[PDB]
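Below are the chains, spelled out letter by letter.
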Amino acid sequence: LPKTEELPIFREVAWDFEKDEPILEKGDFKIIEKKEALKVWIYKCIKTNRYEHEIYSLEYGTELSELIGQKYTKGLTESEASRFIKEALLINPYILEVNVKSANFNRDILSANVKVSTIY
Amino acid sequence: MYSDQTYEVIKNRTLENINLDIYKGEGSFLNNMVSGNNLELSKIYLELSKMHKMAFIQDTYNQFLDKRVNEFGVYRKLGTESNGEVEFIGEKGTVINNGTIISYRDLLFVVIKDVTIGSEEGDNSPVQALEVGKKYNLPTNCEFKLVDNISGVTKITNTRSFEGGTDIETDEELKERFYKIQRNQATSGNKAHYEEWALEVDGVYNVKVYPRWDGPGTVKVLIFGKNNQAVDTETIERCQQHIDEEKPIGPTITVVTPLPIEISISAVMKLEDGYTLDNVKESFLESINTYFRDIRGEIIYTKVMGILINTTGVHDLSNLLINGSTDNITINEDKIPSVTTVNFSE
Amino acid sequence: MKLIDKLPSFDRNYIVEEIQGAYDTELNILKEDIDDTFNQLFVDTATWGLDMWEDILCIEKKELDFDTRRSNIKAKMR
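Residues numbered from 1 in each chain as written, not as in the entry; some residues may be left out. Chains lettered and ligands numbered in written order. Part of a larger assembly, values for the part shown. Heavy atoms only, no water.

1. Some points on the environment of B:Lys77
Residues and elements named next belong to chain B.
Then, in step 1: Within the secondary structure layout, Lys 77 lies in the loop between α3 (63-71) and β1 (81-90).
Then, in step 2: Accessibility expressed as a relative area gives 9% for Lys 77, which makes it buried.
Then, in step 3: On a C-alpha basis, the gap between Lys 77 and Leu 174 in space is 8.6 Å, while along the polypeptide they are 97 residues apart.
Then, in step 4: When residues no more than four places from it in sequence are discounted, the contact partners of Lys 77 are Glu 169, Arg 177, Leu 199, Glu 200, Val 201 and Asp 202. (Helix = DSSP H or I, 4+ residues; strand = E, 2+ residues; numbered from the N terminus. Buried < 20%, exposed > 50% of the residue type's maximum accessible area, 1.4 Å probe, protein only. Contact = heavy atoms within 4.5 Å.)

2. A few points about the nonpolar core
Here is a general trend for soluble globular proteins: nonpolar side chains tend to be buried in one another's company.
All names here are of chain B.
Then, in step 1: Membership of the largest hydrophobic core comes to 20 residues, with the highest contact counts inside it found for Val 86, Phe 88, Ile 102, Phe 109, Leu 138, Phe 144 and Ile 156.
Then, in step 2: The set of elements that each furnish at least two residues to this core consists of β1, β3 (101-104), β4 (107-111), β6 (124-132), β7 (143-146) and β8 (153-158).
Then, in step 3: In terms of residue count, β4 provides more of this core than any other element does, three residues in total.
Then, in step 4: Residues contacting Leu 138, with those up to four places away along its chain left out, are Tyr 104, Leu 107, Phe 109, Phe 144, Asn 158, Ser 161 and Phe 162. (Core = buried A, V, L, I, M, F, W, Y, C linked by side-chain atoms within 4.5 Å.)

3. A word on the side chain of A:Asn49
Residues and elements named next belong to chain A.
Then, in step 1: Its location among the elements puts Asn 49 in the loop between α1 (37-47) and α2 (64-67).
Then, in step 2: A residue is classified by how much of its surface remains accessible, and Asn 49, at 14% relative accessible area, is buried.
Then, in step 3: Within the structure, the side chain of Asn 49 is placed 2.6 Å from the backbone oxygen of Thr 62, a separation counted as a polar contact.
Then, in step 4: Here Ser 65 takes part through its side chain, which lies 3.1 Å from a polar atom of the side chain of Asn 49.
Then, in step 5: Sequence-distant contacts of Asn 49, defined by excluding residues within four places in its chain, comprise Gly 61, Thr 62, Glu 63 and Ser 65. (Polar contact = N/O pair within 3.5 Å; in protein donor to acceptor, adjacent residues only side chain to side chain.)

4. Some details on the sheet that holds β6(B)
All names here are of chain B.
Then, in step 1: An order of β1-β6-β4-β3-β7-β8 is seen for the six strands of this closed barrel, with the pairing classed as antiparallel. In this sheet, neighbouring strand axes are inclined to one another by 40° on average, regardless of whether the strands run parallel or antiparallel.
Then, in step 2: Pairing of β4 with β6, which is carried by three bridges, proceeds in the antiparallel orientation. Following the sheet pairing, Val 111 is matched in β6 by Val 127. (Pairing = 2+ DSSP bridges. Axes fitted to C-alpha atoms, helices over the stretch in contact; angles between N-to-C directions.)

The values reported here are purely geometric and, on their own, carry no functional implication.
Structure below.
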C-alpha cells in the first residue's frame, strides 16, 4: 500500500568531463543535483574496468575495453557492446533503462549513439 | 608508540600534512572524512595498546598468562573428585553394577563397585564424584537418588561424609602462587623448595615450615585450608606422600592441620517486639561466624558483646559469658574459634 | 603510491596524489610502530618493556641499562 520512497538527490564532487580533473569553486567542489550526479557516475563506470583494480566491487566495471584493440569484427560486436553498456549502466538504481541507437563506421573511429533514461 | 599517538593529535597531523588551498572548518566534508579516518585509526591504536597489554598480560586474564606460567614450570592444579561410600537399602538379591548413576540434588555421582543388596559382600559400595569441586564433599547420612530406576532399590545413604573433592583452580590462585614463587628464591633442598612442594598439592592455600623443630634432620610442615581453615586427612596424606616422593631421603617430615577451639555463649537478653529466639540466634551465629573469619589474634569479649547487641531484634542483654567467662581467650597457632553452645534467654 | 596505482586512471590529479601520500606516510608510521611493538615482545629486542618483565619477576630495580636489565632478568629466572 505505501508508495515507493523517492531516491534522495545524489550529491558529490563535480568537474568537467572533458577536463578529467576535479574542479574547485572557491575551495568547494561544485554541487551536483538532479541530472548532474548520474552523468558523473556513468562516466566513472564506463571509463575504468573493475577487473583491472582489485579495490572495486565485483558488480562494478564494464568489459567494453575488451573490444578495444580489434579482437572481433564490427557487425556483431555492435550488439555485443550495446549489451555490455546495458549491463554496465542498469546496475545503478537511479537509472531506469539505457538504449543504443546505432553505430557509424568510418576509418578506424567508431561512433555510436546511446540513450539514458532517468528519474528526475 | 601507540599511547603517544592519540585521536586529536593524529587528526590534526593528517589535516596539516596536506597543503590545501581549501579552507578547513568544523563540520566540513573534508573534516568529516578526516574525522572518520581518525576514528578508525584510533580504533587501530587502541587495539594495538590492548595487544601490548595482552602480551604483558598485566591486568586482564587470558591464555597468554597461563601459557607463560606453564613455560615457567608451574601447572594449573585442576583438582580431585570427592570420594565416599553409600549404602543401598532395598530388596535382597538386587545387583547394582559398576557405573551406576546416583544423583543428590544437582550433584551427580557414580557407583564404583558392583554391589549386591543382601549379599555377603555388604550393601556398601564406594562412590566417586563425577565432577571436581568442594560441593561434592557431601556430609554423612545424605539421601541419594537413582538417575536410572532399579527395581528392588529403595534407600541410598552414605555412612560417612564424602572427601577428596578439592576445589577447582582459579586464575587468581594460580597468579598468587606464581607471584609468591617469584619472590621465592628456591634452591634444591631449602625451606622455599619444601613450601613450593606443599603448594603443588591441591587445597594447600597456606604453607608453614618450621626447620629443626625436633633438631637434627627434622622438618615441621604446617598447612592451612581456604581462609586459614583445616585440611582433610586425605589431603595431608597425599601432600606428605608427594613430598616423600620428591623430598630428600632421611629427613623426618610432620604434616599437621589446624584444630578448632570450641566456645560456649551464655547470656540473658531482652528480645525486641516481633523477634523470636531462633531468628536472633541465627543472626548472631552469622555475625560471629563472619567475625571469626575476620578475626586475628584472640577472641575479644567486648567485640562479642558489640556484635551481639548490634544484632537485629536485640534490645537489652546481660551477663554475657564466653565459655562461662568475660575474659578474652587467646587463639594460638593452628587454632580457630568454633561455636558449639549458644545459650540465650529473656 | 599504492592506492593511486589501485585507484582508477581518471583520478590521477594532484589532490589524490597528496592525499594518498599523506596516507602512505601514516602507513609507514603505523608499520614502524608495529615493528617496534613486535621487537618489544621479545626480551632481547625490548627496550622500555623490561619494566613489566621486572614487575612479573616481582623485583624492583632502578633503571641502569637495557642490557643490564636483560641480564638481571636472565639471572632472576632459574
